[PDB]
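Scroll down for the structure; my scribbles are underneath it.
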Amino acid sequence: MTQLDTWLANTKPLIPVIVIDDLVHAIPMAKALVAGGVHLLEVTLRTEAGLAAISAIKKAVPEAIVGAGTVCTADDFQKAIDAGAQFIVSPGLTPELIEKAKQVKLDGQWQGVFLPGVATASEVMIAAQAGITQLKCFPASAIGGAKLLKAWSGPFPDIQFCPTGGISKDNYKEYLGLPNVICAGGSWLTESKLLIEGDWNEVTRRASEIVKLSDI
Amino acid sequence: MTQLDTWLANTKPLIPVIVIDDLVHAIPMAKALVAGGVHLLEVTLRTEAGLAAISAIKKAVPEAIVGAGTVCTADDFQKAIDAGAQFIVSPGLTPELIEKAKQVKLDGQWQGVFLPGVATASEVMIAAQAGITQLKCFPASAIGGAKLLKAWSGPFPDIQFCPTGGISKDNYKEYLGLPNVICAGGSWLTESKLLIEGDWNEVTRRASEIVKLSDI
Amino acid sequence: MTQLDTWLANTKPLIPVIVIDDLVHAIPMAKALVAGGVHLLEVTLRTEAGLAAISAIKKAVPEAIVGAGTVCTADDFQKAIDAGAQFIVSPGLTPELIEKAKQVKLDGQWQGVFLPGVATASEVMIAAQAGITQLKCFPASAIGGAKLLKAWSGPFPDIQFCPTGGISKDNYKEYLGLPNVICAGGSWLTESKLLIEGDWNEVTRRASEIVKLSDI
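If you want it as structure tokens, here you go:
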């Protein structure tokens with residue numbers, strides 16, 4: 001078992017991919033998500049409030065496992081670690097990201113989980129050989145979806161995936177049912193309107209409707 | 001604004017992907033295309049007459065912006081520049097192409113536009129980090145199409161694309177309407193039969209039917 | 001003509017992608033396949049019996065052309081060569097595999113065929129520039145299939161492909177009919193049940209139903 005496996009054994013298999021404009025929404029949003037049993041929170045660096053939001057959730061909502069997404073560069077990677085990210089998700093993987101991740105693991109100060117995107121068998125093999133065997137498949141739905149993941153299970157049976165990209169309320173359970181899929185990223189729990197309006201009851205409702213892995 | 005942006009603000013958003021067997025067809029073809037308001041001409045190096053065709057159009061049709069496509073190697077890249085290509089399109093990107101492009105930009109003699117193909121989030125990130133933020137998506141239609149481009153807009157909102165591959169009269173406007181799409185490559189304006197028969201009126205007709213970006 | 005071309009001119013265009021649990025099934029399986037006119041046998045390294053199965057077939061069934069698949073690392077590559085593999089198939093390609101293949105070709109002792117997976121135009125161009133012009137497309141059916149291969153024929157007209165992944169009795173002939181497709185990998189000839197039960201007549205039947213390339 002990895003660190004990611006251990007977290008996933010204690011929360012729901014659905015990672016909200018969070019786009020948050022206002023820092024002040026971070027804590028209530030996260031509190032609303034954990035209240036519905038959803039603890040692995042990926043705050044993307046797609047807004048200026050992203051990093052600050054991580055730090056705020058980290059401090060104020062110790063039960064959430066808060067991470068950074070849309071980490072594209074080594075500098076993004078370092079800033080996530082400084083903000084207090086417990087995990088880092090990237091949409092793809094480059095030699096510069098591989099190098100950065102190795103280096104922070106070598107220094108031993110950040111012991112979090114790096115979860116990078118792959119989209120081809122060759123990308124999988126490059127990530128696996130850098131030592132990363134749990135990968136994001138991005139953007140899963142547009143690039144072949146369940147069929148792609150299933151085809152990859154044959155030659156790569158020890159690699160596990162988190163598909164992200166076009167995962168929905170209506171198809172997430174099908175992805176999760178794949179034997180090489182351990183979790184999925186989804187956007188619908190933290191839609192923009194919900195955050196701007198502070199509709200924390202609806203966020204909690206959407207989280208509470210997510211099923212545990214053993215219940216698919 | 002890039003050089004490409006500046007050209008596109010002054011012509012139609014459709015780049016003919018040209019396969020030309022006979023040098024003698026180059027000038028009348030290009031004259032037929034500009035007469036229909038289509039100025040960005042990608043002459044692929046898929047025939048022996050390709051390079052010569054570029055040079056001929058460059059000299060004789062100063063209003064066309066003439067480029068090279070199917071540039072696969074550094075040597076292809078250099079020969080395009082010697083032929084007088086104003087832009088270079090490649091179906092994919094390699095370290096050797098990245099290196100070549102850097103080197104000609106460093107030498108400062110060729111100030112044209114390099115527009116390379118990407119097909120995965122990781123390929124985008126590698127091109128963007130070499131300094132290229134306007135990319136070909138190839139072959140767009142077979143690898144996930146509008147859905148793929150839209151999914152990529154989330155993590156890569158500052159990258160713009162030119163989809164090529166299965167763009168048609170019937171779907172180009174849908175691609176162009178994507179906020180991260182600035183232009184598209186298409187084959188139908190310069191079909192083989194039209195060139196071999198010298199049917200310049202039909203070429204001009206096909207070009208004139210292309211709509212400006214503001215008119216989709 | 002390549003070595004692969006020469007083999008394919010003398011057998012059926014269908015490469016069984018073999019998953020074999022028990023060493024003892026290797027010889028009768030292979031004998032059943034050649035009896036149906038199917039000689040290019042890819043024994044994947046997805047089971048512990050994989051390597052041994054290669055060696056057994058190599059010795060006992062000299063008319064089969066026996067290879068290794070699911071070669072992911074340089075060490076997998078070397079072990080295949082030691083087992084007696086005549087060809088090596090990998091699901092993707094990495095710098096470490098490129099390097100290994102160069103090095104065994106430089107040493108001149110293994111003169112077999114390396115057939116690596118590609119899934120993007122950029123992957124093709126990287127393999128072609130290492131000197132490999134006959135490639136696996138993997139997993140062909142989930143990543144755009146016949147349409148993808150056809151789109152690639154335009155810029156890469158001298159590259160030939162073996163699609164593998166979701167090739168079936170019902171669609172293999174369509175893949176084979178593509179001018180840039182020379183053969184295909186399929187799983188249905190050596191299904192698990194057939195091997196475990198020793199149903200060699202059915203294996204031979206499935207092989208005998210495969211058509212020669214000139215008969216599509």
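Chains as they are written, first to last, in the deposited numbering: chain A, 1 to 216; chain A', 1 to 216; chain A'', 1 to 216. A prime marks a further copy of an entry chain.
For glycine and all other residues, C-beta sits at the position ideal for the given N, C-alpha and C.
So for residue i, helix, strand or coil by DSSP?
| i | result |
| --- | --- |
| A':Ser90 | strand |
| A':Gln109 | coil |
| A'':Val61 | coil |
| A:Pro28 | helix |
| A'':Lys169 | coil |
| residue 297 of chain A'' | Residue numbering for chain A'' in the displayed model covers 1 to 216; residue 297 of chain A'' lies beyond these limits and cannot be assessed. |
| A'':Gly50 | helix |
| A'':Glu123 | helix |
| A:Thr6 | helix |
| A'':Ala85 | coil |
| A:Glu174 | helix |
| A':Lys212 | coil |
| A'':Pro95 | helix |
| A':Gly145 | helix |
| A':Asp22 | coil |
| A'':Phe156 | coil |
| A'':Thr73 | coil |
| A:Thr11 | coil |
| A'':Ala35 | helix |
| A'':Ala130 | coil |
For residue i, count neighbouring C-beta atoms within 10 Å of its own C-beta (all shown protein chains included) and say buried if the count is 16 or more, exposed if not.
| i | result |
| --- | --- |
| A:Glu197 | exposed |
| A:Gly108 | exposed |
| A':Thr190 | buried |
| A':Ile18 | buried |
| A':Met29 | buried |
| residue 221 of chain A'' | Because chain A'' is modelled from 1 through 216, residue 221 of chain A'' falls outside the range shown and cannot be assessed. |
| A':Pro179 | exposed |
| A'':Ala56 | buried |
| A:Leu93 | buried |
| A'':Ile159 | buried |
| residue 217 of chain A'' | What is shown of chain A'' runs 1 to 216, which leaves residue 217 of chain A'' out entirely. |
| A:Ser90 | buried |
| A':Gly131 | exposed |
| A':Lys193 | exposed |
| A':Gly67 | buried |
| A':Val104 | buried |
| A'':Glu48 | exposed |
| A':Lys59 | exposed |
| A':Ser214 | exposed |
| A'':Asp170 | exposed |
So if DSSP puts residue i in a beta bridge, which residue, or which two residues, is it bridged to?
| i | result |
| --- | --- |
| A:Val181 | A:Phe161 |
| A'':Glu42 | A'':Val17 and A'':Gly67 |
| A:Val118 | A:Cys137 |
| A':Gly186 | A':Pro16 |
In chain A', which residues lie less than 7 Å from residue i when you measure between Cβ atoms?
| i | result |
| --- | --- |
| A'':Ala151 | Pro139, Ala142, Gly165 and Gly166 |
| A'':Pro16 | What A'':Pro16 touches in chain A': nothing, since even the nearest Cβ is about 27 Å away. |
Name the chain A'' residues whose beta carbon is nearer than 8 Å to that of residue i?
| i | result |
| --- | --- |
| A:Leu148 | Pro139, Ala142 and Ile143 |
Give me the chain A residues within the contact set of residue i, using Cβ-Cβ distance strictly less than 7 Å, ordered along the chain.
| i | result |
| --- | --- |
| A':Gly177 | Within chain A, no residue comes near A':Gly177; the closest Cβ sits about 17 Å away, beyond 7 Å. |
For a contact defined as C-beta to C-beta under 8 Å, what are the partners of residue i on chain A'?
| i | result |
| --- | --- |
| A:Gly117 | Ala121 and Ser122 |
Which residues in chain A have a C-beta closer than 8 Å to the C-beta of residue i? List them in chain order.
| i | result |
| --- | --- |
| A':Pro13 | The contacting residues do not exist; A':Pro13 stays about 23 Å from chain A at best. |
| A':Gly112 | Chain A residues near A':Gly112: none, gap ~26 Å exceeds 8 Å. |
Please list, in chain order, the chain A' residues whose beta carbon lies closer than 9 Å to that of residue i.
| i | result |
| --- | --- |
| A'':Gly84 | Simply none; closest approach about 34 Å. |
Task: Short-range partners of chain A'' found in the region 121-142 of chain A', where Cβ spacing is below 7 Å - done: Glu123, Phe138, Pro139 and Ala142
- [ ] Pull out every residue of the region 62-79 of chain A'' whose Cβ sits closer than 7 Å to any Cβ of chain A', in chain order.
- [x] none
TODO: Give, in chain order, every residue of the region 88-101 of chain A whose Cβ lies closer than 9 Å to some Cβ of chain A'.
DONE: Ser90, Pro91, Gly92, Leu93, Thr94, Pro95, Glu96 and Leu97
- [ ] Quick one: which residues of the region 22-47 of chain A' get their C-beta closer than 8 Å to a C-beta of chain A''? List them in chain order.
- [x] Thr44 and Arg46
Open item on the list: For the region 196-216 of chain A', list every residue whose C-beta sits within 9 Å of some C-beta in chain A, in sequence order.
Closed with: none
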